[PDB]
Amino acid sequence: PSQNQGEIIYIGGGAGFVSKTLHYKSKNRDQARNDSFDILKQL
RNA sequence: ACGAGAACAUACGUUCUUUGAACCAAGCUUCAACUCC
Numbered sequence: 260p261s262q263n264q265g266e267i268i269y270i271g272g273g274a275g276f277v278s279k280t281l282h283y284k285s286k287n288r289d290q291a292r293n294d295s296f297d298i299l300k301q302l
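Position in the first sequence (first residue = 1) + 259 = the authors' numbering.
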């Protein structure tokens, strides 16, 4: 389902952690382990 | 047996007349009712 135009945004319907945040800038790996530690280490 | 004796510096009279504590000025700026399992 991408890319259609693409004019798509996520409105806050419980769309997810990575929808609400911004820090998948600017690589796949270090940001994934960063928020991995950040949310699911302290919980 | 005094340059002395007697003699209110007194009477009358509004600190009073006219005068906006005013003029200008957004309770506003930035925010996802949300994340996780």
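Each residue gets a CB set at the ideal place from its N, CA and C atoms; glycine is no exception.
Whose C-beta lies closer than 8 Å to the C-beta of residue i among residues of the same chain, with five residues either side of it excluded?
i           : result
residue 277 : 283, 294
residue 280 : 294
Under 9 Å between the Cβ atoms of residue i and residue j?
i           : j           : result
residue 267 : residue 261 : yes
In the DSSP assignment, find the alpha helix (DSSP H) that holds residue i and state where it starts and stops.
i           : result
residue 300 : It is not in any alpha helix (DSSP H) - residue 300 carries neither H nor E in the DSSP assignment.
residue 279 : 276-279
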